[PDB]
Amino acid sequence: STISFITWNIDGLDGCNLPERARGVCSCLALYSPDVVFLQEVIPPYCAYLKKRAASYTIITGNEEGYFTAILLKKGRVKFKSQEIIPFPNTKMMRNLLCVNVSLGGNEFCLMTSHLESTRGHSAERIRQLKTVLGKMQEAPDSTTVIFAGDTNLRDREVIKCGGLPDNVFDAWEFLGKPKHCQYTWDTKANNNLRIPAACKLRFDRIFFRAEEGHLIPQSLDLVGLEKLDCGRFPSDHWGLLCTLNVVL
């Protein structure tokens, strides 16, 4: 029993080299062939690109106002059961939590994604949204494997300020012993898409899981989208995260 997935803020609001960058992301999906893809900052022409160049993935969306999140399900592997949209009532950037209940490899899952409140100034709202996500993860039925993968925009001690991760929720990067090779997902030194002159390295993209003891645990975690495209830029200002969870008995 296993699940492989990619989480990626694909910077859809960047109108520069968007078809080439979308091609780049679809090439990654074809190469790594994940069961599920969690995407953030998707825009309408980006969906149209995914429909043609990643046609074997069912695109699940909630609200599609401006830019939004999506959960892609591999056709034939993942069976869609239901979707739930959890609002962030105090969001100023139309952010929300999207859960998609699915069946995969004989196991039941609630796959969640969000793009938590952006900007340093809205730290208090981002922390409240993280609490909502963590609360929803704990509320899922006991026999279901809960996976959150998204752009949290988290930094410093914001997780500590939220009250920390609960006793039954784990960060995949933390669980694997905080490996250095995938410690930053938003790196202005290694990534040139935004042309930020200052060197900034943050871990905005995070994976949280809630699984039964002795069942699914992270096997691997790797950065994706580190290959420069023909235009000399990367598919996004963010690196994507490729993760596999496996059962260890």
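Start at 1 with the first residue shown and count on from there.
Looking at 28 to 36 and 189 to 197 together, the entry lists the larger mean B-factor for 189 to 197, computed on C-alpha atoms. Between 10 to 18 and 234 to 242, the higher mean Cα B-factor belongs to 10 to 18. Out of 224, 70, 50, 217, the entry records its largest CA B-factor for 217. Residue-level inspection of the entry shows that, of 142, 125, 171, 84, 142 has the top Cα B-factor.
Ranked by Cα temperature factor within the chain, residue 156 sits in the highest third according to the deposited record.
When the CA B factors of the chain's modelled residues are split into thirds, the value for residue 178 lands in the middle one.
Ranked by C-alpha B-factor against the other modelled residues of its chain, residue 42 falls in the lowest third. In the PDB entry, a CA B factor belonging to the highest third of its chain's modelled residues is recorded for residue 211. Per-chain ranking of the deposited C-alpha B factor places residue 113 in the lowest third.
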